[PDB]
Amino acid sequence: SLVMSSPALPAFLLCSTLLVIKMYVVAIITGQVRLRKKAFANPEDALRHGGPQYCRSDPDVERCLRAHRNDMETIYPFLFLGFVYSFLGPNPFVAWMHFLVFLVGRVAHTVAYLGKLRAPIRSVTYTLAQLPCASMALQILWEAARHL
């Protein structure tokens, strides 16, 4: 299997795929909140689900969208950085720690966001998860620059 192309790759692929699934969970939750709060973005949706008055914004729907947007701002860069980093021959344990900190930090971020936990819990989880991303980015920079 090509999953064993580098020692760090299986761990990366596991964490990444779980994070993609975690984004899908946010999408599904968003839909549930739209239905339960009767807050649809489109008149065609509203007309099917009770009437035109239900084409409206809702604070919980907006919160769901913010969490999903923040995921796109952070998880997508990780999918790139972590993949490249997996092939730079990092220490297996060190690589695992990078991926695990990102995974745990991001899951915690969604819990803190959707759960409306007191500040600065969400902001701390965000910061924590970005640390391994910064680390991988710098490592890629050095490796790429030195091969020019």
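All residue numbers are counted from 1 along the displayed sequence.
Colleague: Using only C-alpha atoms and the B-factors in the entry, which stretch averages higher, 27-35 or 82-90?
Modeller: The stretch with the larger average C-alpha B-factor is 82-90.
Colleague: Determine, for stretches 47-55 and 101-109, which one has the higher mean CA B-factor as deposited.
Modeller: It is 47-55.
Colleague: Mind checking which third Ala119 falls in for C-alpha B-factor across the chain?
Modeller: Answer is middle: the recorded C-alpha B-factor places it there.
Colleague: Could you place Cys64 in the lowest, middle or highest third of its chain by Cα temperature factor, using the values in the record?
Modeller: For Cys64, whose C-alpha B-factor we compare with every modelled residue in the chain, the answer is the lowest third.
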